[PDB]
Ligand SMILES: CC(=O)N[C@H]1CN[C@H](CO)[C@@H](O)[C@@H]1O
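The data below hold one chain only, encoded as structure tokens and taken in the form solved without this ligand.
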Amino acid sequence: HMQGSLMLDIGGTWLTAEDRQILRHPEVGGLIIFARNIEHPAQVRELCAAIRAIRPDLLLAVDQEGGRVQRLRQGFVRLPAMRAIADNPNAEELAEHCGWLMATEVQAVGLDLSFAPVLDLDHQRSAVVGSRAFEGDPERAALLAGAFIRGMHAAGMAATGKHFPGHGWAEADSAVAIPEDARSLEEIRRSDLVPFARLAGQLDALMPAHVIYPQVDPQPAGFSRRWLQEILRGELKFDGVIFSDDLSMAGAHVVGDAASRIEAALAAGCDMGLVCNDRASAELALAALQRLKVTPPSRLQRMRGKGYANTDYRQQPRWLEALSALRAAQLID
């Protein structure tokens, strides 16, 4: 039996009858919630509880978009960005507290995971070529995100890096065409690949970039056997979960419908296909998984959170200790 699974999403802040029926299918292994599914923490905890009453084994993920939920949604704990953390004598300690705080609250409301940390690099386009601004400091980026991952795991949450192998140098041409990064493999390996190489042993999952690297392979990372099998699993020895990219973002990347795209993603080596913002496409990908008679990836349940839904997390001593460490470093309040 081929292995594979589908992660999908819903329309609203509660489950419709159609949501409840699609979640029963065992090929569906996950659900991801976005800002439009989120009112406040109490509502999210209850939505997750409703989903687990149908499917206790489902993986429930939140995509926070660099922190949008904590911010357009009153009630979620509020945490410094990594730039603010990097500017401290105890930046690694402070990064751990943030990963711990973020993962503790996310699991408290019933989610398994947040898709974090970002491993992409900021490059200063117009800086002098070869200068530090031009290069983005990948070694420090991996240090801090490695400490952020430590806090995540200490709270019992699996860590997902993105977007492999790094979209920091990608260029878009016509806002519909697929972004490209035309450098050679050796150039990529020495820069945007570095945080992935440094942390591949610690990450539980990776999400591929929606970027073509033409000198390396004609296909986007997440549809590339070369990127996913040769380089990531082979050269980087990565043994965790590969998510696909959003299979319903398909601007000029013509493969066919979501059915033929999830087959392509699974064939390149992804474990779990993501189909967001398109119920009818999610149904098409589901049917494809059914025709292939897939069983879940043996790796999949590694993503399962070890914390648990609770309402008193904000009055636990460890919680107060982490916020008070962020306060003493002038990062909150």
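Superpose the two forms; the largest set of C-alphas matching within 1.5 Å is the rigid core. Sequential numbering from 1, following the sequence displayed.
Omitted here: the form deposited with this ligand bound. The next part is about that form.
For this ligand-free form, the site is classified open because this ligand, superimposed from its arrangement in the deposited complex, keeps every atom beyond 2.4 Å of the backbone and C-beta atoms. Checked against this ligand in the deposited complex, the residues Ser184, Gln74, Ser174, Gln124 give one hit for a heavy atom within 4.5 Å, which is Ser174. Residue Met207 is the only one of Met152, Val106, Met207, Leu119 with a heavy atom lying within 4.5 Å of this ligand in the deposited complex. Although the partner is absent from the chain shown here, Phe34, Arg132 and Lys162 each have a heavy atom within 4.5 Å of this ligand in the deposited complex.
Shown alone, this chain has one stretch from 139-147, 241-249, 79-87, 254-262 that lies within 4.5 Å of this ligand in the deposited complex by heavy atoms: 241-249. Contact check for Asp63: a heavy atom falls within 4.5 Å of this ligand in the deposited complex.
Taking non-hydrogen atoms only, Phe115 approaches this ligand to within 4.5 angstroms in the deposited complex. Taking the core as reference between the shown form and the other one, the lone member of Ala127, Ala182, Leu143, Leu185 whose Cα moves by 2 Å or more is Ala127. Fitting the two forms on the rigid core leaves the C-alpha of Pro56 displaced by under 2 angstroms between the shown form and the other one. After superposing the rigid core, the Cα of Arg83 is displaced by 2 Å or more between the shown form and the other one. Once both forms are fitted on their rigid core, the CA atom of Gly251 lies 2 Å or more apart between the shown form and the other one.
Relative to the shown form, the Cα atoms of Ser114 and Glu135 move together by 3 Å or more in the deposited complex.
Shown here is a form in which the CA atoms of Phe134 and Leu119 lie at least 3 Å farther apart than they do in the deposited complex.
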